[PDB]
Amino acid sequence: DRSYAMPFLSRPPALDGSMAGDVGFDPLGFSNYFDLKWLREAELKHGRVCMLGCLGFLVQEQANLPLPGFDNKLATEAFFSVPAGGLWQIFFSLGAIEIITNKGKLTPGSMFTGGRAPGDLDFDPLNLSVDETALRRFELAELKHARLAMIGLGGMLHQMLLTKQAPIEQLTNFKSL
Amino acid sequence: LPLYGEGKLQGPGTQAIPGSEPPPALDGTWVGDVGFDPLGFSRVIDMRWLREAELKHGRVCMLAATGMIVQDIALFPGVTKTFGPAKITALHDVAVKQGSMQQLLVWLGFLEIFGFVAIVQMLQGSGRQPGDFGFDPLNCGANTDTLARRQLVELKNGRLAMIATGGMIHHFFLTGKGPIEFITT
Amino acid sequence: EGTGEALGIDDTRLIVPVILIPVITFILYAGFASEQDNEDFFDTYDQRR
Amino acid sequence: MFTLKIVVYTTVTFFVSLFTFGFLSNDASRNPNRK
Amino acid sequence: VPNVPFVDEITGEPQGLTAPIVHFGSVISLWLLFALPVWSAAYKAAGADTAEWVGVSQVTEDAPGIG
Amino acid sequence: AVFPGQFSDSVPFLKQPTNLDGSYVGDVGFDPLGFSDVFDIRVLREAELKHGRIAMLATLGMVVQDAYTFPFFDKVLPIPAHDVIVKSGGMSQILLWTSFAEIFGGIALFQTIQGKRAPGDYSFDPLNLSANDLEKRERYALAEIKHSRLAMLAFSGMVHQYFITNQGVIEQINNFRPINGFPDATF
Amino acid sequence: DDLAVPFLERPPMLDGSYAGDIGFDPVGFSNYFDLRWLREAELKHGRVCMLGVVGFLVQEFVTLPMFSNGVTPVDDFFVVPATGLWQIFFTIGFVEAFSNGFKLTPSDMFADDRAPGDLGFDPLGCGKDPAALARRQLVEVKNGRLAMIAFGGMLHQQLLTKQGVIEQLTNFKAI
Ligand code: KC2
Ligand code: KC2
Ligand SMILES: CC1=C(C#C/C(C)=C/C=C/C(C)=C/C=C/C=C(C)/C=C/C=C(\C)C#CC2=C(C)C[C@@H](O)CC2(C)C)C(C)(C)C[C@H](O)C1
Ligand SMILES: CC1=C(C#C/C(C)=C/C=C/C(C)=C/C=C/C=C(C)/C=C/C=C(C)/C=C/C2=C(C)CCCC2(C)C)C(C)(C)C[C@H](O)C1
Ligand SMILES: CC1=CCCC(C)(C)[C@H]1/C=C/C(C)=C/C=C/C(C)=C/C=C/C=C(C)/C=C/C=C(C)/C=C/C1=C(C)CCCC1(C)C
Ligand SMILES: CC1=CCCC(C)(C)[C@H]1/C=C/C(C)=C/C=C/C(C)=C/C=C/C=C(C)/C=C/C=C(C)/C=C/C1=C(C)CCCC1(C)C
């Protein structure tokens, strides 16, 4: 009756095998006090953002549209170079899809009323998971990459801010201190 | 896959560390199993991945050791012009600028994409054993008993080449000399 | 003043509230909207809430 | 000056959005003769 | 060309919906539009329902914190 | 593969891809990354034949353009000629006509998804070289897909060797030089 | 018979009843629109384009006494007085509302189920023979299909080179 990830701590009651990312790690025990469907959806959404964000840090940093305000490698300082005009029409593009995928249901008291499982916006163009085993291994892979990419954009961004150097550059230069 | 020398080498009743017993993953079937795994890496990581890594390291390091020796005994014509006199790790930095090492990385990565696919497929029950890339053009591994032995030779020489390459590279860091020059000192 | 900026937005900072606060209000309104019976009706107004 | 500007923009947008999405929330039904 | 309209005066570059780059972007837009109807159906008919497509990992699956 | 087991003949240490049964021409069981397990082999074969049919014309076009340019177009190498003709509006004519063709190409693709047309199988054989003879058609299809793959690779080569050497393919073969001035270059 | 696009199945509704039907409708306009309306539009476009092609030819070499000639036939639209063009437009409107029975919508044009293009215009009795009508229906549609393309080309290369079609052919030069 003890958490696997926190041997010393007892297992969170809510956390369970069924989740697909459970390793018993909820030391705070947020699970006990929020809809775990909402928490999983938030985890997967943040991770799906960050998984693209780290690669962006990296691709924007090497290649870039040849448009005039699109070429500025340090991503942190790039957000402002490209005009907010563009950044806003994209923000609006993500709004459309937020409401498209979530199908209007986009509040904690309404999002999952339609029976949608957390973290699924019904997207599965490739790497099909009809195989529960495949779904079972792919969900753990997705959760691990979500969790890793969180740390990533975090570091890349805070680090790009710390040394005004994009990801690949910083480490190679690695001006320390 | 019967084990050559089962009883004297690579088999039960030959447990390396006498006091301790080996992990439950280290059964009597695997090649070069002297019952040695004190830190217990085997229970965590699958044995197929571990033997894949062992064989890949051994095969890379045998080439690395023979490269570090042969590069001292002889050199391909024209390398001495582009590359100045440049031993193990300085030559790496020079050749990176030269672009040869980019080509090595590109093509060995192209091969390692299919190596990744092979590791994946073996780990999902394709029936392939670790390090088996179907490469035996001379048909020297056709006989089964000779193949058994040659597997343990491959493992042991890979281990010896790993330790050897570590030796040559750190001796170079100490003295800045190659293997042949370092031994005559 | 008299410069002709769209909605008086001379600094790009001003847009962040102007676009986001409607979006948070829109998100709160969507929870209400998704709960409604959104089929058509033949009446002067909808009596279903 | 800019701080006051953005604060006033925040306040104005907040109340205007409340008005907008409040009258859009089936205001016609909020009468005593419904049902 | 002398009498081609919708063209610039001094630049000589066609501008608007009659420019070479707008045509290029228009082909790529139709490509992006046709991608989902084409490759989604390619996925639907074939799919990864082969009953062998399965993710594989190095760690033992007895304790991967598996879903 | 040295050990017993069933494996792809292309890559002896990898399994036969599941959807590559062997009906399709040039099926050497080569799909390590398993696209066919993720996509239709029909749609993928359509894409392969389209890429090959474009790239074969591209390869022969580069060779001929280096060898010969028309009396009315200028004498510029195949790659830098692209901008010269995009301006001339020629590419905005090739693009229009190829798009007009590809409307019906896409309709035919959607009819291939419904299993009414084989991938890449327009009814194009005006000279009737292999319509009457079926085994000739199969042999010609295998040669078609081999030439498709070879021409894709050859086009990629001939463009990148130009990007480095700044020479045409015929010019490079007549006057072969190493890149980066390596006959006299250090580090 | 032979199919226009042999690698696409024949369209389901496009049966071989209308003259000049070789089973050609890849995008599928017949499925989503009434084939009678489409046939009427086809014949109307063909007829106006045949007349306009002959207009391009004759206008280049002829000009009535009350009018003055432009550099090209397409220029004759602009040297002509503007009022007469509106007279032509309203006359065509009266002809196209009177000839159609004042049924100008897709939902009512074929209430009486007349054949597409059969506006009851047949002075001189041409086509009275049952057999000649079948061939002439095919001749009409194929000539109109040709003339739409011909009118488009002649217009666009009369604007591109300010030269009539005949003078362009006698003095052709690259653009
Ligand atoms: C995937 C997200 C996405 C979508 C779906 C999308 C769709 C459309 C549509 C479709 C209906 C139109 C018509 C359109 C038009 C314009 N887009 Mg937009 N766009 C997206 C992304 C970006 C980015 C990243 C940028 C950008 C821009 C502009 C500009 C610039 C105007 C100017 O500044 O003069 C114009 C005119 C750039 C920008 O505004 O900054 C220079 C910019 O950086 N867009 N965009
Ligand atoms: C086929 C179409 C058609 C029809 C059925 C038709 C019928 C009638 C009727 C019958 C009710 C009358 C009474 C009438 C009278 C006049 N028509 Mg007219 N007309 C047609 C076509 C044109 C064109 C193309 C032009 C034109 C003109 C004139 C002028 C000149 C006035 C002037 O001196 O300015 C006068 C008086 C010319 C014009 O307006 O020139 C500025 C001119 O260009 N019409 N027209
Ligand atoms: C979903 C889906 C599909 C798909 C798909 C796609 C396109 C998926 C794409 C996924 C991507 C792009 C995932 C990226 C993950 C990145 C990670 C974990 C990065 C970690 C970085 C770290 C820890 C770091 C770091 C660093 C930091 C911070 C500091 C630096 O100085 C150093 C360093 C750089 C090392 C398809 C289309 C097949 C359909 C299917 O039906 C469903
Ligand atoms: C190229 C390059 C570089 C580089 C570099 C490289 C590649 C450096 C390193 C290379 C290698 C091959 C290192 C090997 C180290 C082996 C060790 C310490 C062995 C320990 C053995 C033990 C504990 C024995 C254990 C035992 C044994 C066998 C027998 C007894 C029992 C037991 C106790 C179990 C840089 C970094 C300079 C940068 C430069 O820009 C480019
Ligand atoms: C600021 C800025 C600049 C340019 C763009 C823009 C103006 C919009 C603006 C954008 C800012 C953005 C996007 C900021 C985002 C912030 C991010 C991604 C922060 C991430 C922080 C992550 C952190 C701490 C992670 C620390 C994690 C730790 C210890 C984990 C510890 C551990 C745990 C939990 C369990 C296992 C054991 C281990 C590994 C020790
Ligand atoms: C300019 C002017 C002057 C005075 C009056 C006014 C101001 C109104 C104005 C009038 C403008 C008018 C009347 C414009 C009319 C435009 C016309 C008729 C445009 C015609 C465009 C035609 C085009 C593209 C045809 C291209 C057809 C193609 C490839 C067909 C493809 C093919 C098909 C379908 C089957 C067989 C194979 C083949 C040949 C490949």
Side-chain angles (χ1 to χ4, degrees), chain A residues 2-7 9 11-12 15-27 36-37 39-40 43-44 47 65-68 70 93 97 100-101 117-148, chain E:
Chain A
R2 314 191 52 100
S3 39
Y4 179 45
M6 317 283 282
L9 296 188
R11 181 177 65 83
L15 286 202
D16 275 309
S18 31
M19 294 300 293
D22 200 34
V23 300
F25 185 61
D26 196 344
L36 194 57
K37 294 212 291 313
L39 304 167
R40 164 54 38 86
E43 190 189 56
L44 272 163
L65 285 67
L67 311 197
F70 288 62
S93 76
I97 63 184
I100 287 159
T101 61
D120 164 80
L121 295 174
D122 313 83
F123 179 80
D124 199 347
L126 295 174
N127 296 132
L128 177 45
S129 64
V130 295
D131 187 350
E132 173 157 11
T133 62
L135 173 63
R136 285 157 49 94
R137 274 78 200 176
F138 277 144
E139 301 146 321
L140 178 56
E142 198 175 4
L143 269 60
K144 286 204 193 178
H145 278 105
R147 296 159 182 173
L148 187 60
Chain E
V1 174
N3 293 346
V4 65
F6 293 49
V7 74
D8 303 2
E9 278 57 50
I10 182 57
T11 316
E13 278 224 314
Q15 164 58 4
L17 287 160
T18 170
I21 192 160
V22 176
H23 308 159
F24 190 91
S26 298
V27 180
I28 291 162
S29 61
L30 293 169
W31 285 1
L32 285 161
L33 182 150
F34 269 79
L36 273 296
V38 165
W39 299 108
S40 313
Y43 175 66
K44 284 167 202 301
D49 59 353
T50 305
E52 277 234 23
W53 195 265
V54 296
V56 175
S57 64
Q58 64 180 20
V59 295
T60 57
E61 299 292 338
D62 64 317
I66 192 66

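Note on naming: letters A, B, ... go to the chains in the order of the sequence lines (proteins, then strands), and numbering restarts at 1 for each one.
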For residues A134(A) and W53(E), report the shortest heavy-atom separation together with the two atoms involved.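 Nearest pair, atom of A134(A) first, then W53(E): CB-O, 3.6 Å.
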Within-4.5 Å side-chain heavy-atom neighbours: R137(A) and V54(E):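 They are not in side-chain contact.
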Hey, are the side chains of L126(A) and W39(E) touching, using non-hydrogen atoms and a 4.5 Å cut-off?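 A side-chain contact is absent here, since even the closest heavy-atom pair is not under 4.5 Å.
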Side chain from CB out, backbone as N, CA, C, O: work out which of these in [X] comes under 4.5 Å of a heavy atom of chain E, or both, or neither.
| X | answer |
| --- | --- |
| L128(A) | both |
| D22(A) | backbone |
| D16(A) | neither |

To the nearest 0.5 Å, what is the distance between OG1 (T133(A)) and CD (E61(E))?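 If I round to the nearest 0.5 Å, the distance is 10.0 Å.
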Does [X] have more than 12 heavy atoms from other residues, nucleotides or ligands lying within 6.0 Å of its [atom1]?
| X | atom1 | result |
| --- | --- | --- |
| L9(A) | CG | yes |
| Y4(A) | OH | no |
| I100(A) | CD1 | yes |

Flag the one option from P64(E), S57(E), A42(E), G47(E) with the top tally of heavy-atom pairs under 4.5 Å to chain A.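 Of the options given, most contacts go to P64(E).
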